[PDB]
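Coming up is one lone chain in structure tokens, specifically the form deposited in one PDB entry.
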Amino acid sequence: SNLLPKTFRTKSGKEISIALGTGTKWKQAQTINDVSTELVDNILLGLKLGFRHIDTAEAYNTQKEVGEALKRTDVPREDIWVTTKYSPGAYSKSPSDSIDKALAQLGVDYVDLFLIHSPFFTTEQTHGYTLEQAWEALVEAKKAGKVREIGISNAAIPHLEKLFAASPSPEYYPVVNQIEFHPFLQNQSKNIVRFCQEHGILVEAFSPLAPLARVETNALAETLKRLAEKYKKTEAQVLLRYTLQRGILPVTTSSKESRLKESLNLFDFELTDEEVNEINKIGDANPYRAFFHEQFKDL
């Protein structure tokens, strides 16, 4: 579409949009639900405001909260895109056990998108699964209609290569790669964005507001302030819009009603080519990574 170089639709046929991520919820005991009211209310509110895409993960400890919101919302299941992720390091005995647990905690009979959370694991961590073998398990889940689309997070080119090779046919190729993306890290690994877009893999951005979360500021802060003031938006809105213009679907983790509304209201303005390039330039000139440093050092 004109939204994204690779797009998707909910079961009701509605094109996917910006994701409300749950964030991570630290908990002391891993075995129990420990359901956060604050989080359930935030997801319910996001849905009320017009979010139609929720992003969670086994590792975030927030699937049960998403499940509660899906039960209580008036928004039909089929109008909502639910993304979750297999944590390999692993609380589940297998990818298939992770998927069943996801269905259970989410209170759903299918998830829209199921991602391997990271390629950086051993078969000890997964209880006997290489990346390729875990992919084969995702392929099975898709065949059974437990999962609509399958993909990965934090994959570099050679990881994606392994997935293609593990796929019985092109129908089962990875179709999403959710990566750390923002101006200070426009390529989490070598040429990853252009590669994905060339190979029909939607890039999603996690932590797209990293520049704002950072304690340190550089010329980017002033650039974002100016653009926010120009367009009558916030710096966060400018970054989310920048991300969409790069052809990347952002996952944002907002918690206040005002911030939720702002995260949705991105389609009444655009950054000029000059401004996008301004952000690109200052960003590349000030590299900064927040995740998986040792894993990406050579990638």
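Residues carry their position along the shown sequence, with the first being 1. For clarity, a rigid core is taken as the largest C-alpha set superposing within 1.5 Å between two forms.
The deposited sequence places no unmodelled residues between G107 and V108, so the chain runs continuously there.
Higher mean CA temperature factor, per the PDB entry, when comparing 60-68 with 30-38: 30-38. As recorded in the PDB entry, 213-221 is the stretch of 213-221 and 150-158 with the greater mean C-alpha temperature factor.
The residue among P119, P208, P168, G200 whose C-alpha carries the highest B-factor in the deposited model is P168.
Per the deposited record, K93 carries the highest C-alpha B-factor of all listed residues (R77, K85, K93, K190). Among the modelled residues of its chain, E124 has a C-alpha B-factor that falls in the highest third, as given in the PDB entry. Annotation for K101: C-alpha temperature factor in the middle third relative to the rest of the modelled chain, per the entry. Ranked within its chain, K261 lands in the middle third, by CA B factor from the PDB record. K142: CA B factor in the middle third of modelled residues in this chain (values from the PDB entry). Ranked by Cα temperature factor within the chain, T252 sits in the middle third according to the deposited record.
The next section is about a form of this same protein that is not shown, the form solved in complex with a small molecule.
Residues within 4.5 angstroms of the small molecule in the bound PDB entry, judged by any non-hydrogen atom, belong to 54-62 and to none of the other stretches in 265-273, 28-36, 241-249, 54-62. For the options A210, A156, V193, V82, the residue carrying a heavy atom within 4.5 angstroms of the small molecule in the bound PDB entry is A210. Among heavy atoms of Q178, some come within 4.5 Å of the small molecule in the bound PDB entry. Shown alone here, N286 lies farther than 4.5 Å from the small molecule in the bound PDB entry, counting heavy atoms only. At the 4.5 Å threshold, heavy atoms of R148 stay clear of the small molecule in the bound PDB entry, well away from it. Heavy atoms of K101 never reach within 4.5 Å of the small molecule in the bound PDB entry, leaving it off the interface. In the overlay on the core between the shown form and the other one, a shift of 2 Å or more in CA position is seen for a single residue of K281, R9, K25, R289, which is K25. In contrast to the form presented, in the bound PDB entry the C-alpha positions of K25 and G107 spread farther apart by 3 Å or more. By 3 Å or more, the C-alpha separation between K25 and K146 grows in the bound PDB entry relative to the form shown here.
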